[PDB]
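Q: I'd like to ask some things about the structure below.
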Number of protein chains: 10
Amino acid sequence: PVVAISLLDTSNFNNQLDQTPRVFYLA
Amino acid sequence: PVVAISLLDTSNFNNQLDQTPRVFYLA
Amino acid sequence: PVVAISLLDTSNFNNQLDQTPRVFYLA
Amino acid sequence: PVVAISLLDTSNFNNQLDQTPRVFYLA
Amino acid sequence: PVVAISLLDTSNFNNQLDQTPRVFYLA
Amino acid sequence: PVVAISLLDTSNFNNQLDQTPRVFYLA
Amino acid sequence: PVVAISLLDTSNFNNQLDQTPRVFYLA
Amino acid sequence: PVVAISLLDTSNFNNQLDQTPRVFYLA
Amino acid sequence: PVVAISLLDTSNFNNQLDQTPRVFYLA
Amino acid sequence: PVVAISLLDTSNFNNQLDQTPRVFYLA
């Protein structure tokens with residue numbers, strides 16, 4: 001009976017990318 | 001009976017991208 | 001009986017993109 | 001009865017990328 | 001009965017990449 | 001002068017998802 | 001002068017997902 | 001002068017996922 | 001002058017996943 | 001002058017995963 005062909009291609013989830021640089025160009 | 005062909009292509013969810021730089025160009 | 005062919009292509013949901021830079025160009 | 005062919009290709013989840021440099025260019 | 005062919009290709013999860021350099025270019 | 005803060009969150013492009021099953025339920 | 005803060009979060013592109021099963025339920 | 005802070009979080013590209021099972025349930 | 005802080009977190013590219021089982025349930 | 005801080009976290013590329021079992025359940 002039960003036949004289950006599954007293809008789960010997930011990516012890029014539940015992730016936090018924090019880019020908070022501090023550049024002080026004092027000419 | 002039950003035949004289930006599934007193709008789940010999910011991406012880019014439940015993720016926070018915080019880009020809060022601080023640039024101080026003091027000429 | 002039951003035959004279920006499913007193709008779920010979801011993307012870019014439930015995600016917050018915060019871009020709040022602070023640029024201080026003091027000529 | 002039960003036959004289950006599964007192909008799960010997940011990547012890049014539940015990971016935090018913190019890039020917070022501090023550059024002090026004092027000319 | 002039960003036949004289960006599974007192919008799980010996961011990568012790059014639950015890992016934190018902290019790059020916080022401090023560069024002091026004092027010309 | 002030139003200060004460029006960019007945040008490009010792109011996903012799910014230039015990819016073909018072909019689901020062409022063949023089910024023969026010969027009761 | 002040139003300061004470039006960039007955050008490119010791309011995913012799921014230029015990839016083909018072919019799911020072409022053949023199921024013969026000859027009851 | 002040139003200061004370049006870059007964060008490239010790419011994943012899941014240029015890869016083909018072929019799932020072509022052959023199931024013969026000859027009851 | 002040139003200061004380049006880069007963080008390249010790439011994964012899961014240019015790889016083929018072929019799952020082509022052959023199941024013969026001859027009841 | 002040239003200062004280059006780089007962090008390249010790559011994984012899971014240019015690799016083929018072939019799973020082609022042959023199961024003969026001759027009940």
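Labels used: A, B, ... for chains in the order of the structure tokens, numbers from 1 for residues in each chain, and numbers from 1 for ligands as shown.
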Using only C-alpha atoms, select each residue of chain J with any atom at most 10 Å away from an atom of chain E, and give the selection as JSON, numbers by chain.
A: {"J": [1, 3, 5, 6, 7, 9, 10, 11, 12, 17, 18, 19, 20, 21, 23, 25, 27]}
Q: What does chain B look like once superposed on chain H, all Cα atoms paired in sequence order, least squares? Give it as a PDB file with C-alpha atoms, in the first residue's frame.
A:
```pdb
ATOM      1  CA  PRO B   1      41.065  54.726   1.783  1.00  0.00           C
ATOM      2  CA  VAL B   2      39.424  51.520   0.514  1.00  0.00           C
ATOM      3  CA  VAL B   3      37.558  49.669   3.273  1.00  0.00           C
ATOM      4  CA  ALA B   4      35.467  46.674   2.199  1.00  0.00           C
ATOM      5  CA  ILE B   5      33.406  44.727   4.743  1.00  0.00           C
ATOM      6  CA  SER B   6      31.691  41.870   2.906  1.00  0.00           C
ATOM      7  CA  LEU B   7      29.456  39.065   4.178  1.00  0.00           C
ATOM      8  CA  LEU B   8      28.527  36.558   1.461  1.00  0.00           C
ATOM      9  CA  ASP B   9      26.220  33.787   2.709  1.00  0.00           C
ATOM     10  CA  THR B  10      25.421  31.686  -0.358  1.00  0.00           C
ATOM     11  CA  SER B  11      24.119  28.128  -0.399  1.00  0.00           C
ATOM     12  CA  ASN B  12      22.344  25.491  -2.473  1.00  0.00           C
ATOM     13  CA  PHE B  13      23.294  26.415  -6.026  1.00  0.00           C
ATOM     14  CA  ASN B  14      24.458  24.722  -9.234  1.00  0.00           C
ATOM     15  CA  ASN B  15      23.462  21.297  -7.906  1.00  0.00           C
ATOM     16  CA  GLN B  16      21.149  18.696  -9.447  1.00  0.00           C
ATOM     17  CA  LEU B  17      18.994  16.422  -7.285  1.00  0.00           C
ATOM     18  CA  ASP B  18      17.782  13.429  -9.313  1.00  0.00           C
ATOM     19  CA  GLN B  19      15.328  11.134  -7.515  1.00  0.00           C
ATOM     20  CA  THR B  20      14.017   8.576 -10.029  1.00  0.00           C
ATOM     21  CA  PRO B  21      12.966   5.453  -8.105  1.00  0.00           C
ATOM     22  CA  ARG B  22      11.233   2.479  -9.713  1.00  0.00           C
ATOM     23  CA  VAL B  23       8.792   0.693  -7.391  1.00  0.00           C
ATOM     24  CA  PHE B  24       7.043  -2.439  -8.681  1.00  0.00           C
ATOM     25  CA  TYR B  25       4.376  -3.442  -6.155  1.00  0.00           C
ATOM     26  CA  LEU B  26       2.989  -6.613  -7.756  1.00  0.00           C
ATOM     27  CA  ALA B  27       0.331  -7.825  -5.324  1.00  0.00           C
TER      28      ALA B  27
END
```
Q: Quick one: pick out all strand (DSSP E) residues within chain J from a backbone DSSP run and write them as a list in words.
A: residues 3, 4, 5, 6, 7, 8, 11, 12, 13, 17, 18, 19, 22, 23, 24 and 25 of chain J
